[PDB]
>>> print(open('model-v5.cif').read())   # mmCIF, C-alpha atoms (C1' of nucleotides)
data_final
loop_
_atom_site.label_atom_id
_atom_site.label_comp_id
_atom_site.auth_asym_id
_atom_site.auth_seq_id
_atom_site.Cartn_x
_atom_site.Cartn_y
_atom_site.Cartn_z
CA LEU J 1 0.00 0.00 0.00
CA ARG J 2 2.99 2.25 0.70
CA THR J 3 4.21 1.51 -2.82
CA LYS J 4 0.83 2.30 -4.36
CA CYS J 5 0.29 5.67 -2.67
CA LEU J 6 3.64 7.19 -3.63
CA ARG J 7 3.17 5.67 -7.05
CA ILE J 8 -0.24 7.36 -7.35
CA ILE J 9 0.79 10.85 -6.20
CA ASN J 10 3.58 10.78 -8.81
CA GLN J 11 0.97 11.88 -11.34
CA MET J 12 -2.16 12.41 -9.22
CA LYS J 13 -2.28 16.10 -8.42
CA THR J 14 -0.34 17.45 -11.44
CA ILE J 15 0.17 20.44 -9.06
CA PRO J 16 3.03 20.45 -6.50
CA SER J 17 1.08 23.29 -4.80
CA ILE J 18 -0.14 20.69 -2.30
CA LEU J 19 3.44 20.73 -1.01
CA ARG J 20 3.20 24.60 -0.82
CA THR J 21 0.79 23.83 2.03
CA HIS J 22 2.38 20.58 3.26
CA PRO J 23 6.19 20.88 3.51
CA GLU J 24 6.07 18.35 6.35
CA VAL J 25 4.53 15.90 3.85
CA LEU J 26 7.43 16.73 1.53
CA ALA J 27 9.60 16.06 4.58
CA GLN J 28 7.95 12.64 4.81
CA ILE J 29 9.03 11.56 1.36
CA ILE J 30 12.53 13.01 1.88
CA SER J 31 13.00 10.47 4.68
CA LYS J 32 12.13 7.55 2.38
CA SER J 33 15.01 8.44 0.01
CA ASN J 34 16.90 5.37 1.31
CA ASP J 35 14.21 2.70 1.36
CA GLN J 36 15.15 -0.88 0.53
CA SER J 37 12.50 -1.10 -2.21
CA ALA J 38 14.15 -0.10 -5.47
CA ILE J 39 10.69 0.67 -6.87
CA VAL J 40 9.82 3.38 -4.33
CA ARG J 41 13.26 5.01 -4.72
CA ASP J 42 12.66 6.24 -8.26
CA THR J 43 9.22 7.53 -7.33
CA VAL J 44 10.90 9.83 -4.84
CA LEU J 45 13.33 10.86 -7.58
CA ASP J 46 10.46 11.63 -10.02
CA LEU J 47 8.40 13.61 -7.50
CA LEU J 48 11.39 15.60 -6.41
CA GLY J 49 12.19 16.43 -10.03
CA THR J 50 8.68 17.78 -10.51
CA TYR J 51 8.82 19.86 -7.38
CA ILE J 52 11.82 21.78 -8.70
CA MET J 53 10.31 22.49 -12.11
CA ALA J 54 7.64 24.76 -10.59
CA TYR J 55 8.74 25.63 -7.05
CA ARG J 56 12.22 26.46 -8.29
CA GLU J 57 13.57 28.31 -5.23
CA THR J 58 14.53 25.02 -3.46
CA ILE J 59 17.59 24.23 -5.53
CA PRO J 60 20.03 23.94 -2.53
CA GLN J 61 18.17 22.01 0.19
CA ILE J 62 16.59 19.59 -2.23
CA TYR J 63 19.85 18.90 -4.17
CA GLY J 64 21.21 16.56 -1.52
CA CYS J 65 18.52 13.91 -1.93
CA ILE J 66 19.26 13.73 -5.66
CA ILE J 67 22.91 12.86 -6.11
CA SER J 68 22.52 10.43 -3.19
CA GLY J 69 20.69 8.18 -5.65
CA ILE J 70 23.33 8.02 -8.37
CA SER J 71 25.57 5.74 -6.26
CA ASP J 72 22.93 3.05 -5.84
CA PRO J 73 22.85 -0.64 -6.81
CA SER J 74 19.69 -0.56 -8.94
CA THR J 75 19.90 0.64 -12.52
CA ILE J 76 16.42 2.22 -12.59
CA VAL J 77 17.34 4.74 -9.91
CA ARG J 78 20.56 5.60 -11.74
CA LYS J 79 19.03 5.87 -15.22
CA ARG J 80 16.37 8.18 -13.73
CA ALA J 81 18.46 10.31 -11.39
CA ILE J 82 20.77 11.22 -14.30
CA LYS J 83 17.99 12.69 -16.46
CA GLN J 84 16.82 14.87 -13.60
CA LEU J 85 20.37 16.22 -13.26
CA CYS J 86 20.04 17.32 -16.88
CA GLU J 87 17.05 19.65 -16.20
CA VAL J 88 18.52 20.98 -12.96
CA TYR J 89 21.76 21.92 -14.74
CA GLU J 90 20.16 24.47 -17.06
CA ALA J 91 17.72 26.06 -14.62
CA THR J 92 20.43 26.50 -11.99
CA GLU J 93 22.97 29.29 -12.38
CA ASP J 94 25.38 28.87 -9.44
CA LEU J 95 28.55 27.51 -11.08
CA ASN J 96 29.53 26.06 -7.70
CA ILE J 97 26.67 23.57 -7.97
CA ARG J 98 27.30 23.00 -11.70
CA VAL J 99 30.72 21.52 -10.93
CA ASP J 100 29.08 19.06 -8.53
CA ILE J 101 26.96 17.84 -11.41
CA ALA J 102 30.07 17.17 -13.49
CA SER J 103 32.18 15.37 -10.87
CA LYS J 104 29.31 13.00 -10.13
CA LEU J 105 28.82 12.42 -13.85
CA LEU J 106 32.41 11.59 -14.77
CA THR J 107 32.71 9.27 -11.76
CA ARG J 108 30.01 7.11 -13.37
CA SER J 109 31.81 6.86 -16.71
CA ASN J 110 32.12 3.10 -16.20
CA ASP J 111 29.55 0.93 -14.47
CA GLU J 112 28.55 -2.69 -14.00
CA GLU J 113 25.70 -2.33 -16.49
CA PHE L 1 -33.40 1.31 -23.51
CA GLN L 2 -36.12 3.90 -24.18
CA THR L 3 -38.80 1.26 -23.61
CA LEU L 4 -36.89 -0.01 -20.60
CA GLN L 5 -36.80 3.50 -19.12
CA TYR L 6 -40.52 4.03 -19.75
CA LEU L 7 -41.43 0.76 -18.07
CA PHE L 8 -39.05 1.61 -15.23
CA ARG L 9 -40.72 4.95 -14.55
CA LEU L 10 -44.26 3.73 -15.02
CA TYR L 11 -44.55 0.21 -13.55
CA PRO L 12 -42.63 0.01 -10.26
CA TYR L 13 -44.15 -3.32 -9.20
CA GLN L 14 -41.45 -5.09 -11.22
CA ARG L 15 -39.03 -2.15 -11.41
CA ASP L 16 -36.41 -4.29 -9.70
CA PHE L 17 -36.78 -7.26 -12.00
CA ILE L 18 -35.41 -5.60 -15.13
CA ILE L 19 -32.47 -4.41 -13.03
CA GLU L 20 -32.02 -8.05 -11.97
CA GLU L 21 -30.99 -8.84 -15.53
CA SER L 22 -29.74 -5.52 -16.94
CA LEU L 23 -26.41 -6.00 -15.23
CA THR L 24 -26.22 -9.75 -15.99
CA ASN L 25 -25.80 -9.21 -19.73
CA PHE L 26 -23.11 -6.71 -18.72
CA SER L 27 -20.84 -9.75 -18.31
CA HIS L 28 -20.90 -10.57 -22.06
CA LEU L 29 -19.24 -7.49 -23.36
CA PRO L 30 -16.38 -6.68 -25.76
CA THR L 31 -13.21 -7.24 -23.73
CA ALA L 32 -10.94 -4.98 -25.76
CA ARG L 33 -10.64 -1.26 -26.24
CA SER L 34 -10.90 -1.05 -30.05
CA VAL L 35 -14.30 -2.72 -29.91
CA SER L 36 -15.60 -1.15 -26.69
CA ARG L 37 -15.40 2.41 -28.01
CA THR L 38 -18.64 3.23 -29.82
CA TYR L 39 -20.97 6.21 -30.57
CA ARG L 40 -19.29 9.53 -29.95
CA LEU L 41 -20.52 12.21 -27.59
CA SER L 42 -21.27 15.83 -28.41
CA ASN L 43 -18.35 17.30 -26.46
CA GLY L 44 -15.96 15.10 -28.43
CA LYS L 45 -15.53 11.78 -26.62
CA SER L 46 -16.23 8.16 -27.56
CA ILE L 47 -17.90 5.80 -25.08
CA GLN L 48 -19.51 2.36 -24.97
CA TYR L 49 -23.20 2.77 -25.74
CA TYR L 50 -24.28 -0.02 -23.36
CA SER L 51 -23.09 2.19 -20.48
CA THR L 52 -25.83 4.72 -21.13
CA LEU L 53 -28.34 2.15 -19.91
CA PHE L 54 -27.28 2.47 -16.26
CA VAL L 55 -27.55 6.24 -16.01
CA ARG L 56 -30.75 6.12 -18.07
CA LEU L 57 -32.57 4.07 -15.46
CA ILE L 58 -31.68 6.51 -12.72
CA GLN L 59 -32.25 9.25 -15.26
CA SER L 60 -35.86 8.32 -14.73
CA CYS L 61 -35.71 7.33 -11.02
CA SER L 62 -39.37 8.43 -10.81
CA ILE L 63 -38.68 12.14 -10.82
CA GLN L 64 -41.73 13.93 -9.50
CA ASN L 65 -44.00 15.52 -12.06
CA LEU L 66 -46.81 16.90 -9.83
CA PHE L 67 -44.79 20.01 -9.15
CA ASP L 68 -47.98 22.02 -8.62
CA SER L 69 -51.26 21.04 -6.86
CA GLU L 70 -49.90 20.63 -3.32
CA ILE L 71 -50.40 24.11 -1.77
CA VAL L 72 -53.51 26.33 -1.47
CA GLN L 73 -51.61 29.24 -3.10
CA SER L 74 -48.52 30.42 -4.96
CA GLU L 75 -46.04 32.91 -3.42
CA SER L 76 -47.05 35.64 -1.02
CA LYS L 77 -45.87 39.27 -1.10
CA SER L 78 -43.70 39.37 2.07
CA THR L 79 -42.22 35.97 2.91
CA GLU L 80 -39.51 37.50 5.17
CA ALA L 81 -42.15 38.06 7.89
CA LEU L 82 -44.70 35.21 7.49
CA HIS L 83 -45.66 32.72 4.77
CA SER L 84 -49.00 34.43 4.24
CA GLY L 85 -51.58 32.26 2.52
CA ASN L 86 -49.34 29.38 1.39
CA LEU L 87 -48.44 26.72 3.93
CA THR L 88 -44.78 26.08 4.72
CA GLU L 89 -45.68 22.51 5.76
CA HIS L 90 -47.33 22.11 2.36
CA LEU L 91 -44.07 23.46 0.96
CA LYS L 92 -42.46 20.91 3.28
CA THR L 93 -44.26 18.16 1.52
CA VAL L 94 -41.68 18.11 -1.24
CA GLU L 95 -39.20 16.10 0.86
CA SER L 96 -41.79 13.35 1.23
CA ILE L 97 -41.69 13.08 -2.53
CA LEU L 98 -37.95 13.72 -2.59
CA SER L 99 -37.57 10.84 -0.16
CA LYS L 100 -39.20 8.70 -2.81
CA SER L 101 -36.55 10.13 -5.15
CA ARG L 102 -33.44 10.39 -2.93
CA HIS L 103 -33.90 7.35 -0.69
CA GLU L 104 -34.65 5.23 -3.77
CA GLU L 105 -31.88 6.49 -6.07
CA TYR L 106 -29.10 5.19 -3.84
CA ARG L 107 -31.23 2.11 -3.19
CA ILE L 108 -31.09 1.34 -6.90
CA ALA L 109 -27.48 2.58 -7.10
CA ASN L 110 -26.38 0.09 -4.47
CA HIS L 111 -27.96 -2.97 -6.04
CA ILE L 112 -25.56 -2.35 -8.90
CA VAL L 113 -22.40 -0.72 -7.55
CA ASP F 1 24.33 -28.37 -21.39
CA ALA F 2 27.37 -27.27 -19.47
CA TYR F 3 28.28 -24.39 -17.15
CA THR F 4 24.82 -24.63 -15.60
CA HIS F 5 25.28 -25.08 -11.85
CA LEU F 6 27.65 -22.12 -11.77
CA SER F 7 28.31 -19.77 -8.91
CA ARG F 8 29.82 -16.34 -8.25
CA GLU F 9 33.41 -17.37 -8.68
CA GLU F 10 32.43 -19.66 -11.58
CA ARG F 11 30.50 -16.93 -13.50
CA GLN F 12 33.59 -14.87 -12.85
CA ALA F 13 36.10 -17.59 -13.73
CA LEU F 14 35.21 -17.46 -17.42
CA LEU F 15 35.86 -13.77 -18.01
CA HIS F 16 39.14 -12.11 -18.96
CA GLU F 17 41.30 -10.71 -16.17
CA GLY F 18 43.89 -8.30 -17.47
CA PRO F 19 45.58 -4.93 -17.12
CA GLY F 20 43.62 -3.12 -19.82
CA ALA F 21 40.41 -2.36 -17.97
CA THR F 22 38.09 -4.37 -15.76
CA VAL F 23 35.78 -6.23 -18.14
CA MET F 24 32.14 -6.68 -17.15
CA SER F 25 30.44 -8.84 -19.76
CA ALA F 26 31.29 -11.30 -22.52
CA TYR F 27 29.40 -12.80 -25.42
CA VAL F 28 29.80 -15.49 -28.06
CA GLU F 29 27.72 -15.61 -31.23
CA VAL F 30 27.61 -18.29 -33.93
CA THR F 31 26.14 -18.27 -37.44
CA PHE F 32 24.46 -21.33 -38.95
CA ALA F 33 23.74 -21.71 -42.67
CA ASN F 34 20.95 -24.26 -42.29
CA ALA F 35 18.55 -25.42 -44.97
CA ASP F 36 15.75 -27.25 -43.17
CA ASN F 37 17.44 -29.10 -40.27
CA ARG F 38 16.38 -26.43 -37.81
CA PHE F 39 12.60 -26.03 -37.72
CA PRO F 40 12.11 -22.23 -38.39
CA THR F 41 12.86 -22.64 -42.09
CA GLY F 42 11.63 -19.08 -42.68
CA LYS F 43 15.12 -18.00 -41.60
CA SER F 44 17.88 -19.27 -43.85
CA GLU F 45 20.71 -17.91 -41.66
CA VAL F 46 19.87 -18.53 -38.01
CA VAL F 47 22.07 -16.88 -35.38
CA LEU F 48 22.43 -17.62 -31.66
CA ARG F 49 24.27 -15.83 -28.89
CA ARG F 50 24.66 -16.00 -25.12
CA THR F 51 25.87 -12.98 -23.21
CA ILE F 52 27.16 -13.20 -19.66
CA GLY F 53 27.84 -10.40 -17.20
CA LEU F 54 28.93 -10.76 -13.64
CA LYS F 55 25.25 -10.85 -12.57
CA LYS F 56 23.28 -11.64 -15.74
CA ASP F 57 22.93 -14.20 -18.51
CA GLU F 58 20.64 -14.13 -21.49
CA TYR F 59 20.13 -16.55 -24.31
CA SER F 60 18.86 -15.11 -27.56
CA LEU F 61 17.85 -15.74 -31.15
CA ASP F 62 18.29 -13.24 -33.99
CA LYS F 63 18.33 -10.24 -31.62
CA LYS F 64 15.20 -11.53 -29.90
CA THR F 65 16.47 -12.20 -26.29
CA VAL F 66 14.27 -15.18 -25.49
CA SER F 67 14.58 -17.18 -22.26
CA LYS F 68 16.48 -20.42 -21.79
CA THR F 69 13.66 -22.98 -22.12
CA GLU F 70 12.84 -21.84 -25.65
CA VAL F 71 16.38 -22.19 -27.01
CA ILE F 72 16.55 -25.56 -25.23
CA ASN F 73 13.37 -26.65 -27.02
CA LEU F 74 14.73 -25.23 -30.29
CA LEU F 75 17.94 -27.21 -30.11
CA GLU F 76 15.94 -30.20 -28.99
CA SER F 77 13.67 -30.21 -32.03
CA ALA F 78 16.84 -30.15 -34.11
CA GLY F 79 19.16 -33.14 -34.19
CA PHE F 80 21.15 -32.07 -31.14
CA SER F 81 21.62 -33.67 -27.75
CA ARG F 82 21.27 -31.74 -24.51
CA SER F 83 23.63 -33.66 -22.21
CA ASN F 84 27.31 -34.60 -22.80
CA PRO F 85 27.31 -34.94 -26.56
CA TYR F 86 29.01 -37.81 -28.29
CA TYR F 87 30.01 -35.67 -31.27
CA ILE F 88 32.16 -33.49 -28.98
CA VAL F 89 35.30 -34.76 -27.27
CA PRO F 90 37.23 -32.47 -24.88
CA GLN F 91 40.96 -32.50 -24.12
CA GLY F 92 42.34 -35.99 -23.54
CA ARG F 93 38.86 -37.31 -22.85
CA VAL F 94 38.84 -39.48 -25.98
CA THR F 95 38.86 -42.71 -23.93
CA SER F 96 35.29 -42.06 -22.94
CA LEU F 97 32.88 -44.33 -24.74
CA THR F 98 35.10 -47.33 -24.55
CA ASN F 99 35.42 -47.79 -20.78
CA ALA F 100 32.11 -46.53 -19.39
"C1'" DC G 1 38.27 -68.80 8.10
"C1'" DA G 2 38.17 -64.81 9.36
"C1'" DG G 3 39.48 -60.29 9.71
"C1'" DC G 4 40.94 -55.59 7.33
"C1'" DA G 5 40.75 -52.27 3.55
"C1'" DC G 6 38.41 -49.70 0.34
"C1'" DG G 7 35.58 -48.19 -2.95
"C1'" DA G 8 31.20 -47.83 -5.16
"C1'" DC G 9 26.20 -46.93 -3.65
"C1'" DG G 10 21.64 -44.57 -1.64
"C1'" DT G 11 19.64 -41.02 1.58
"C1'" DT G 12 19.40 -36.31 3.21
"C1'" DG G 13 19.85 -31.64 4.32
"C1'" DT G 14 20.75 -27.87 1.85
"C1'" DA G 15 21.70 -22.82 -1.12
"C1'" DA G 16 21.16 -21.14 -5.62
"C1'" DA G 17 19.39 -20.84 -10.45
"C1'" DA G 18 15.35 -20.14 -12.21
"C1'" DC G 19 10.48 -19.11 -12.47
"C1'" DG G 20 5.79 -15.98 -13.03
"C1'" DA G 21 3.19 -11.83 -11.92
"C1'" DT G 22 3.78 -6.67 -11.69
"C1'" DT G 23 5.05 -2.23 -13.49
"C1'" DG G 24 6.44 1.82 -17.21
"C1'" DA G 25 7.79 3.29 -21.69
"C1'" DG G 26 8.18 3.52 -27.99
"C1'" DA G 27 5.51 2.58 -32.12
"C1'" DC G 28 0.78 1.60 -35.05
"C1'" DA G 29 -3.47 4.18 -35.18
"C1'" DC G 30 -6.97 7.56 -36.23
"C1'" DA G 31 -10.52 11.50 -37.12
"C1'" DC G 32 -12.00 15.74 -36.88
"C1'" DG C 1 -1.88 18.37 -39.03
"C1'" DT C 2 -2.04 17.49 -34.61
"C1'" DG C 3 -3.31 15.58 -30.56
"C1'" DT C 4 -5.62 10.39 -29.89
"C1'" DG C 5 -5.85 6.02 -27.75
"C1'" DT C 6 -4.42 1.53 -28.18
"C1'" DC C 7 -1.02 -2.15 -29.10
"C1'" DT C 8 3.55 -4.17 -28.19
"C1'" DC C 9 8.69 -4.40 -25.57
"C1'" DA C 10 11.95 -4.12 -20.86
"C1'" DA C 11 13.38 -4.48 -15.14
"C1'" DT C 12 12.16 -6.47 -10.22
"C1'" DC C 13 10.24 -9.11 -6.24
"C1'" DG C 14 8.49 -13.17 -3.95
"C1'" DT C 15 8.41 -18.59 -4.74
"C1'" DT C 16 10.20 -23.34 -6.19
"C1'" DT C 17 12.44 -26.84 -7.25
"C1'" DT C 18 16.42 -28.68 -8.09
"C1'" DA C 19 21.30 -29.68 -8.39
"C1'" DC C 20 24.91 -30.72 -4.99
"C1'" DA C 21 27.75 -32.15 -1.33
"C1'" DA C 22 28.31 -34.62 2.97
"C1'" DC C 23 27.15 -39.04 5.51
"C1'" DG C 24 26.25 -44.44 6.78
"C1'" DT C 25 25.85 -49.21 4.06
"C1'" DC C 26 27.14 -52.75 1.66
"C1'" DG C 27 30.20 -56.20 -0.89
"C1'" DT C 28 34.40 -57.69 -3.21
"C1'" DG C 29 39.05 -58.44 -2.76
"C1'" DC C 30 42.72 -60.07 -0.31
"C1'" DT C 31 46.43 -61.80 3.84
"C1'" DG C 32 47.46 -63.81 7.88
#
>>> encode(input="model-v5.cif", output="structure tokens")
Amino acid sequence: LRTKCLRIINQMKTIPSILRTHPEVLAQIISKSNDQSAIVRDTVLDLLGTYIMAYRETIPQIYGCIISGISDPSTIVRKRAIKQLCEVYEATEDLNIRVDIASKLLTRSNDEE
Amino acid sequence: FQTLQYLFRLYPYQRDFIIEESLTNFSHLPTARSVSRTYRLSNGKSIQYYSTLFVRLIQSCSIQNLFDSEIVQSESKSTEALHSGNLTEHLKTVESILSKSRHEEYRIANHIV
Amino acid sequence: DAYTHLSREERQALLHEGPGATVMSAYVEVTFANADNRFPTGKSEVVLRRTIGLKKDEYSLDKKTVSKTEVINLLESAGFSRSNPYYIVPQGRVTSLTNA
DNA sequence: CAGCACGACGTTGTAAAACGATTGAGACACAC
DNA sequence: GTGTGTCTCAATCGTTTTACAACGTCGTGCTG
């Protein structure tokens, strides 16, 4: 049931404005960034991508729960986390965070898959 | 379904019985999308025409038609002081009828849902 | 039918260990010019391949990545033998079917 | 005759390869 | 001519059985 709910809200509202009134609910899903289920991990990565696209002013404090997924065993989390780093790179303008995109990209030049 | 709706509204002594089979034939339906989509709607959507049966029965649901002929009079001149002439309890006879509408609509709606 | 009951160090024993770069996966692919011996005669040049990573293996047909049971059934309908085949003799094992 | 060796043989408790039931994501449509 | 809505291809998370490796059990071959 915990898988279903976070899977549903990934496209349910189409408005992250619910989290404009519930940052503690956003704080709930931030905690589940390190769940054992590889399925629920990507859901958190998808939701957190969408939350930046509109409510853009949370570049810094969100950023941490993003790159923490690139060094993960599952491929789905890695193949998804990367594409979100693409979008973040253009919208952001602090060069000091741009370099952190690059170092985490080049480190994954070679992988098991 | 027009005949079925007429007999539904007019002869309630076996109003249930038709319902007793109207859903049964619902089991033998096209089990694929390309065949289920049928006659288009006005606002630009395509549905399965068999579905309009269900709403059509409650589209009748014995809506009242004796709107008039329950009160001694029409409106008064100053209702914000006293219902002069007309009787509020006679105006409060509509919910008796509406009970035959309301408390039967869900009663039909729950044999099916 | 060999290299079946493998394990971690087995499915690593058959890769290449060298100084170039750590290699992850390996693959072998053969090309058969059949006429009608293999049943799908619609394909005149059948091709098979088996890739192996450190944590994956996949049989295939002509880039069709089918499971194992289907290629087993395919080779079985043809004139092959699943177990230790008589038409193959490994190193120094030639005194096989004369002392069993 | 009888005692030792020893080597194949049949159960038995396992760990791992594999198996089926879920999801999301490209390529055919149309039909105004 | 552009959005449509339906059809077909890939990972992953419990089960399952199934190969495998340890352990008594016999039976033939000897040597004293």
>>> resolve_selection(input="model-v5.cif", expression="the PyMOL selection byres ((chain G and resi 21) around 10)", output="VMD selection string")
(chain G and resid 20 22 to 23) or (chain C and resid 13 to 14)
>>> interface_residues(input="model-v5.cif", of="chain J", to="chain G", cutoff="12 Å", atoms="all atoms listed in the file", output="list in words")
residues 3, 4, 7, 39, 40, 42, 43 and 76 of chain J
>>> write_last_selection(input="model-v5.cif", atoms="C-alpha atoms", output="PDB file, keeping the file's coordinate frame")
ATOM      1  CA  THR J   3       4.210   1.510  -2.820  1.00  0.00           C
ATOM      2  CA  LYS J   4       0.830   2.300  -4.360  1.00  0.00           C
ATOM      3  CA  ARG J   7       3.170   5.670  -7.050  1.00  0.00           C
ATOM      4  CA  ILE J  39      10.690   0.670  -6.870  1.00  0.00           C
ATOM      5  CA  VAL J  40       9.820   3.380  -4.330  1.00  0.00           C
ATOM      6  CA  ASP J  42      12.660   6.240  -8.260  1.00  0.00           C
ATOM      7  CA  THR J  43       9.220   7.530  -7.330  1.00  0.00           C
ATOM      8  CA  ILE J  76      16.420   2.220 -12.590  1.00  0.00           C
TER       9      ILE J  76
END
>>> residues_around(input="model-v5.cif", residues="residue 77 (chain F)", least_positions_apart="2", cutoff="12 Å", atoms="only C-alpha atoms (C1' of nucleotides)", output="number ranges by chain")
F: 36-40, 70-75, 79-82
>>> write_last_selection(input="model-v5.cif", atoms="C-alpha atoms", output="PDB file, in the coordinates of the input")
ATOM      1  CA  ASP F  36      15.750 -27.250 -43.170  1.00  0.00           C
ATOM      2  CA  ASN F  37      17.440 -29.100 -40.270  1.00  0.00           C
ATOM      3  CA  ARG F  38      16.380 -26.430 -37.810  1.00  0.00           C
ATOM      4  CA  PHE F  39      12.600 -26.030 -37.720  1.00  0.00           C
ATOM      5  CA  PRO F  40      12.110 -22.230 -38.390  1.00  0.00           C
ATOM      6  CA  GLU F  70      12.840 -21.840 -25.650  1.00  0.00           C
ATOM      7  CA  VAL F  71      16.380 -22.190 -27.010  1.00  0.00           C
ATOM      8  CA  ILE F  72      16.550 -25.560 -25.230  1.00  0.00           C
ATOM      9  CA  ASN F  73      13.370 -26.650 -27.020  1.00  0.00           C
ATOM     10  CA  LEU F  74      14.730 -25.230 -30.290  1.00  0.00           C
ATOM     11  CA  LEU F  75      17.940 -27.210 -30.110  1.00  0.00           C
ATOM     12  CA  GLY F  79      19.160 -33.140 -34.190  1.00  0.00           C
ATOM     13  CA  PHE F  80      21.150 -32.070 -31.140  1.00  0.00           C
ATOM     14  CA  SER F  81      21.620 -33.670 -27.750  1.00  0.00           C
ATOM     15  CA  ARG F  82      21.270 -31.740 -24.510  1.00  0.00           C
TER      16      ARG F  82
END
>>> closest_residue(input="model-v5.cif", among="F:24, F:8, F:41, F:17", to="chain J", atoms="all atoms listed in the file")
F:24
>>> residues_around(input="model-v5.cif", residues="region 22-27 of chain L", least_positions_apart="3", cutoff="8 Å", atoms="all atoms listed in the file", output="MDAnalysis selection string")
chainID L and resid 18:19 112
>>> write_last_selection(input="model-v5.cif", atoms="C-alpha atoms", output="mmCIF file, in the frame of the given file")
data_model
loop_
_atom_site.group_PDB
_atom_site.id
_atom_site.type_symbol
_atom_site.label_atom_id
_atom_site.label_comp_id
_atom_site.auth_asym_id
_atom_site.auth_seq_id
_atom_site.Cartn_x
_atom_site.Cartn_y
_atom_site.Cartn_z
ATOM 1 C CA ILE L 18 -35.410 -5.600 -15.130
ATOM 2 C CA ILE L 19 -32.470 -4.410 -13.030
ATOM 3 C CA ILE L 112 -25.560 -2.350 -8.900
#
>>> interface_residues(input="model-v5.cif", of="chain C", to="chain L", cutoff="12 Å", atoms="all atoms listed in the file", output="number ranges by chain")
C: 4-7
>>> write_last_selection(input="model-v5.cif", atoms="C-alpha atoms (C1' of nucleotides)", output="PDB file, in the frame of the given file")
ATOM      1  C1'  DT C   4      -5.620  10.390 -29.890  1.00  0.00           C
ATOM      2  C1'  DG C   5      -5.850   6.020 -27.750  1.00  0.00           C
ATOM      3  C1'  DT C   6      -4.420   1.530 -28.180  1.00  0.00           C
ATOM      4  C1'  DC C   7      -1.020  -2.150 -29.100  1.00  0.00           C
TER       5       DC C   7
END
>>> resolve_selection(input="model-v5.cif", expression="the PyMOL selection byres ((chain G) within 12 of (chain L))", output="count of residues only")
4
>>> interface_residues(input="model-v5.cif", of="chain F", to="chain J", cutoff="9 Å", atoms="all atoms listed in the file", output="list in words")
residues 24, 25, 53, 54 and 55 of chain F
>>> closest_atom_pairs(input="model-v5.cif", of="chain G", to="chain F", cutoff="12 Å", atoms="all atoms listed in the file", output="Markdown table")
| residue | atom | partner | partner_atom | distance |
| --- | --- | --- | --- | --- |
| G:15 | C1' | F:7 | CA | 10.7 |
| G:16 | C1' | F:7 | CA | 8.0 |
| G:17 | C1' | F:5 | CA | 7.4 |
| G:18 | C1' | F:68 | CA | 9.7 |
| G:19 | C1' | F:67 | CA | 10.8 |
>>> atom_distance(input="model-v5.cif", atom1="CA of residue 58 (chain L)", atom2="CA of residue 35 (chain L)")
26.1 Å
>>> closest_residue(input="model-v5.cif", among="F:51, F:65, F:94, F:100", to="chain C", atoms="only C-alpha atoms (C1' of nucleotides)")
F:65
>>> atom_distance(input="model-v5.cif", atom1="CA of residue 75 (chain L)", atom2="CA of residue 87 (chain L)")
9.9 Å
>>> interface_residues(input="model-v5.cif", of="chain J", to="chain C", cutoff="12 Å", atoms="only C-alpha atoms (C1' of nucleotides)", output="list in words")
residues 36, 37, 38, 39, 40, 74, 75, 76, 77 and 79 of chain J
>>> decode(input="model-v5.cif", residues="region 10-31 of chain G", atoms="C-alpha atoms (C1' of nucleotides)", output="compact mmCIF listing (two decimals), in the first residue's frame")
# COMPACT_ATOMS: atom_id res chain seq x y z
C1' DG G 10 21.64 -44.57 -1.64
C1' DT G 11 19.64 -41.02 1.58
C1' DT G 12 19.40 -36.31 3.21
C1' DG G 13 19.85 -31.64 4.32
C1' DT G 14 20.75 -27.87 1.85
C1' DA G 15 21.70 -22.82 -1.12
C1' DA G 16 21.16 -21.14 -5.62
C1' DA G 17 19.39 -20.84 -10.45
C1' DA G 18 15.35 -20.14 -12.21
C1' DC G 19 10.48 -19.11 -12.47
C1' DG G 20 5.79 -15.98 -13.03
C1' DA G 21 3.19 -11.83 -11.92
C1' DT G 22 3.78 -6.67 -11.69
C1' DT G 23 5.05 -2.23 -13.49
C1' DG G 24 6.44 1.82 -17.21
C1' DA G 25 7.79 3.29 -21.69
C1' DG G 26 8.18 3.52 -27.99
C1' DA G 27 5.51 2.58 -32.12
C1' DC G 28 0.78 1.60 -35.05
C1' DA G 29 -3.47 4.18 -35.18
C1' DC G 30 -6.97 7.56 -36.23
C1' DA G 31 -10.52 11.50 -37.12
